[PDB]
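Only the coordinates and a few stated rules stand behind these numbers; no lab work does. Every residue, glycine as well, gets a Cβ built from its backbone with ideal geometry; the counts of neighbours run over all protein chains shown.
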Amino acid sequence: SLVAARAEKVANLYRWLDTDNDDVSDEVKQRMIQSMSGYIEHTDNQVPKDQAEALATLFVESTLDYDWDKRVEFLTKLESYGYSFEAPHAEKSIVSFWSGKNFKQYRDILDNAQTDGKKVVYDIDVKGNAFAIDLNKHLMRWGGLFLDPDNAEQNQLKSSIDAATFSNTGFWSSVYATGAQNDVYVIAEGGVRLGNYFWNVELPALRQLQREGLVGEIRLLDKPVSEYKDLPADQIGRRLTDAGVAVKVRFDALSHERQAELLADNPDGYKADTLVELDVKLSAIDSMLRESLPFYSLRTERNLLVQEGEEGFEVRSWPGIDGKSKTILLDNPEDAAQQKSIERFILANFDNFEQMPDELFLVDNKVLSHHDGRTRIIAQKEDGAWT
């Protein structure tokens, strides 16, 4: 179970970043689920004839519910079938946030480009990863086939199968990339744009992952394939760490005084639809990341996992021995200064998880605690006077 450990780490980020902007029928679901059962049960693979309808219920449940526990479940349940999403050392080449025509072409370019004697590992070259994506795509196939765009909340189901399955792929690419840690080559096709999933959720994951040492030396391929062909390795990919992120906006959505400037040079080369590339500072991405993630230091230092709870928060052990739930509650759950105290406090104090209270609590510069009975252990005074 080498996938549960890392996969747990990455799903954590996606929970935080995705969740910032993210009824269903059961009759329709069980048809979905059942073709789900049918794909695997009656296709050639290590799908138990018993637990093959147990995967097309977990898979579809995990994806569309956006249960991140059922996502690691089905990652590691696939690891319980001889599957593997750890790459064979070498150098990884994740391209999976997008899909464009010229994806094969980048590989041909890349392998000859990396003249070592060794070729570049692919995320869809992996044993288990490659199963999962095929399962994803069947939902996708199921997606645009048994749902009609002009019969009400049936297009709403499709738009949600596309939005889950995209969450899935980007998740798997990150956990794959977390494996080996040998530097990645994300290949964005049209060019990283802004306002989409990849940008708000997926890109922060990679750099937030990378910072934590998990992955390293990410290079982004946005310029057309022609641009790369054969030159020194440095002209291959825009390194994340150099400068900022080379995104593409449209003239339309650009400034009013910056359209004028743009038409001073090359005065009728720009139209409404025309796409203009402008570097996003890499300083800005980092900063929204360390504010997109509560108890940001607890994650790094004390090998804990914090996540939003029904009313408070939920700290757990990083390698999940068990699905226990030492919580952390606050009088203002939304005050950052309160949070910072509780973090600073349980940081300067507890060294590990199992050394934690059932449930901690911060009320008006006072600290509660659980054990077996509420024990108030701090002081609103300049230095916290324990007990």
Handout entry: Rounded FRET efficiency, nearest 0.05, which uses the C-beta distance separating residue 145 from residue 44 and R0 of 25 Å
Key = 0.65
Completion exercise
Around residue 37 (Cβ within 13 Å, Cβ-to-Cβ, excluding residue 37; K/R +1, D/E -1) the net charge comes to -1
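Beyond 25 Å between alpha-carbons counts as too far, so tell me which of 127/324; 118/248; 9/127 fall in that bin. Before the final figure, lay out the partial values.
On the way: 127/324 32 Å; 118/248 34 Å; 9/127 21 Å.
Listed pairs above 25 Å: 127/324; 118/248.
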Completion exercise
For the pair residue 257 and residue 2, the simple spin-label estimate (label points 7 Å beyond Cα toward Cβ) gives in nm 5.6 nm
Handout entry: Stretch gain in nm, segment residue 246-residue 226, where the contour uses 0.36 nm per residue and the Cα spacing is subtracted
Key = 5.4 nm
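Considering only DSSP states other than H, G, I, E and B, which GluC sites (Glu not before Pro) in segment 322-363 qualify as loop sites with at most 12 other Cβ atoms within 10 Å?
334, 354
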Problem - Karplus 3J(HN,Hα) series, Hz, for segment 88-96 with 6.51 cos²θ - 1.76 cosθ + 1.60 (x for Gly, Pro) - result: x, 6, 6, 9, 8, 9, 6, 10, 8
Fill in the blank from the handout: Expected vector for segment 261-266, Karplus 3J(HN,Hα) from phi with 6.51, -1.76, 1.60 and θ = phi - 60°, integer Hz, x for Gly and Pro, equals 3, 5, 9, 5, 8, 6
Fill in the blank from the handout: Here segment 197-211 yields Karplus 3J(HN,Hα) values (6.51, -1.76, 1.60; θ = phi - 60°; whole Hz; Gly and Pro given as x) of 3, 3, 7, 6, 9, 6, 5, x, 3, 4, 5, 5, 5, 4, 4
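What do you get for trypsin sites (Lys or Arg not before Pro) in segment 65-147 restricted to DSSP loop and a cutoff of at most 14 other Cβ within 10 Å of the site's Cβ?
On the way: sites: 70, 71, 77, 92, 101, 104, 107, 118, 119, 127, 137, 141; in loops: 101, 118, 119, 127.
Passing both the DSSP loop test and the Cβ count: 101, 118, 127.
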Handout entry: Cleavage-rule hits, trypsin sites (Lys or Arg not before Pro), segment 247-299, DSSP coil, Cβ neighbours within 10 Å at most 16
Key = 271, 281
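A 29 angstrom limit on the alpha carbon distance is what I want to check against. Which of 137/326; 49/326; 92/281 exceed it?
Going by Cα-Cα distance, 137/326; 49/326 fall outside the 29 Å limit.
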